[PDB]
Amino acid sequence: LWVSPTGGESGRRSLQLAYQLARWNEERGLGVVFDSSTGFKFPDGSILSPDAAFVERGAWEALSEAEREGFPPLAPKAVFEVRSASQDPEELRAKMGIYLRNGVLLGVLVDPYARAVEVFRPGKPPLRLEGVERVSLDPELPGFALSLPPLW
């Protein structure tokens, strides 16, 4: 069926994910979290917009007002992509590669359909989990664990 990354289901899922990341950041304040609309300007020149992003406090603080106002010129420490029916797995997997190649330190891919999650880190093979309720995202995001059932 006709699906849009900017449609209801995708929006409902990305908010559920972003909500958790924000809940965690509210208590720890180690960085700044952005929603699915945010565009970031990556080192390779392109603009990319994940479903959620976390940028380390130190990286964010180094930015000027103008840089924070526009598409931030940096690779977020962590990026999250929630697969929507309109996207084929290998495509996002390919995108996770692009993120890492640009300096993202943690890429999390959630597939609500397959009901799995894939964790991408540089200099390490991709990790795929299925059947787990929560997934620890330490050490990149200290004390944060992503609860999966809410994303389904």
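We number the residues from 1 along the sequence you see.
- Higher average CA B factor: 55-63, of the stretches 55-63 and 31-39.
- For the two regions 99-107 and 118-126, the entry's Cα B-factors average higher over 118-126.
- Looking at the C-alpha B-factors along this chain, the one for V3 belongs to the highest third.
- Ranked within its chain, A22 lands in the lowest third, by CA B factor from the PDB record.
- In this PDB entry, the Cα temperature factor of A145 sits in the bottom third of its chain's modelled residues, the lowest group.
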